[PDB]
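Same protein, same chain, two forms; see structure 1 and structure 2 below, as structure tokens.
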Structure 1
């Protein structure tokens, strides 16, 4: 009970944050997203039909090349906001930040081109709780806890603002003072079972337009953007003077710096984003369009309807996830 370990992450375009894990003997390496929003481990399978082009372009786990593989074969379907993967369960040795665990994971055999052709990562490591794990499969962090090796039931996320240096960092068993500053502000979860906290308002400038009588915020490391309801985001965007495109909201690039602050009232404290934190300032041209790092995402019950605080939020606020105390700490990221 005195190990602290880290996972190094790559920052792809401020949208995709992924580290590397090994599966099997000998270790087969996968680029994976560490996602507090979900709880299952999955990578693409060698058994994925090659007619799924995502499987042509990603790394595949070949169970036939692993001596430590253990068959299960129960069919599982993982439905996410942005797409669905389908496959079957397997068991093998997974290596993550020097730590080695016997993990049950999904070998994905069905992997749709949209969106996974757009993924720089191969698979997902769910950092959430057992209660949301499809098939009641013990999640990887629970397994690492069960070894009594870590200093505490705590993991922490750092996402870099710069997309050639350290792209991001996960500390298993603690946090890293090199990447945050000031004090942590701790906020208790609504319930155990989901990394979700009470939000008491959303402000544009200093007018609380949204969540006037409270709402939900899912602290979501696998999400790129900040998200709310279609109707919630529609009200927010009307206020920013943003134009709706098919998959995002844009603003004429010149208007970008002039955009107001957006605040999130969490645990008594007001968490502010400046336009610099939520606009992709690719230009300053009045002719060019610039995209925002906030979009509509409708999560179904009983998680939803909820807000999701993804990479946009985490970049500014170093996040500690506390399993021991069922709470989330935020600190100013550096």
Structure 2
């Protein structure tokens, strides 16, 4: 077992540090169970790409261990199609060193990569969804047969450690009660069946069922715009330019949102999904939820991000293709 300390940036971004190359080129990265690739901006990334001007660039010509590949990797992020090329090098993750192939982004839109406090993504997803079919970092750690267990866990603190990922297990110090596991529907994705979503006292959503992407990478909880337009209106959520809000002084009265997974009800009190910046009546306060129309095969599917994870310590169990959730502590 190895644990990676995470920095919690305004409850929207939880990222850690990986070292890449010889010598180790440090990168602040989000460990994303929603993606299966390692992406870091390339030193080859044109200075024109703003996301690159203000971010740690990986310089291959600075690493003695670098193993060129060149294979161009691409992925459209409904904001722009980012592109880089495949590269190989030793990546250190919480004391664990692994030869890992990753993408160096050479081209990527400002939004939202420009606002990232971190420089890259450590895809924790499955290889089934790894662009270029590149073997994921954790699959690469598993291969080492050093981890005490084929699982990694997430602890996203409620700001102020900012968070904590445990490679190989889970930290009892960060959850309480017991893990209630939901199985992974389609294998190859950290997604589980969801028996509806409730609003205070009314199962008026996801009725009949729906899918939930347990995305450690997503800042918020999301679902099809339909579900969110429904949900947000049912809360009194008055939509803004993008995210929905609600008068601060009225955030504490908003009803409890619950997600049904594994025969257990996962409730988010209003203090769980509202960014209670203040309690004034004049200022508006945002909700840790938004509409994310995720495209198939995985989508449409709700996505339980940091908002969800913050309250429920999460465990991604590979060996058993299931996800554990326990009261984050």
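Numbering follows the first chain given and starts at 1. Residues that one form lacks are left out of the comparison. What we label the rigid core is the largest C-alpha set whose atoms superpose within 1.5 Å from one form to the other.
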Shift test between structure 1 and structure 2 (rigid core reference, C-alpha, 2 Å or more cutoff) over 197, 85, 140, 89 hits only 85
Core-fitted comparison between structure 1 and structure 2 - CA shift at residue 246, Å: 2.1
Taking the rigid core as fixed, quantify in angstrom how much the C-alpha of residue 112 shifts between structure 1 and structure 2. 1.5
Considering only residues present in both forms, which runs of at least 3 consecutive residues have all C-alphas displaced by 2 Å or more between structure 1 and structure 2 after core superposition? 78 to 85
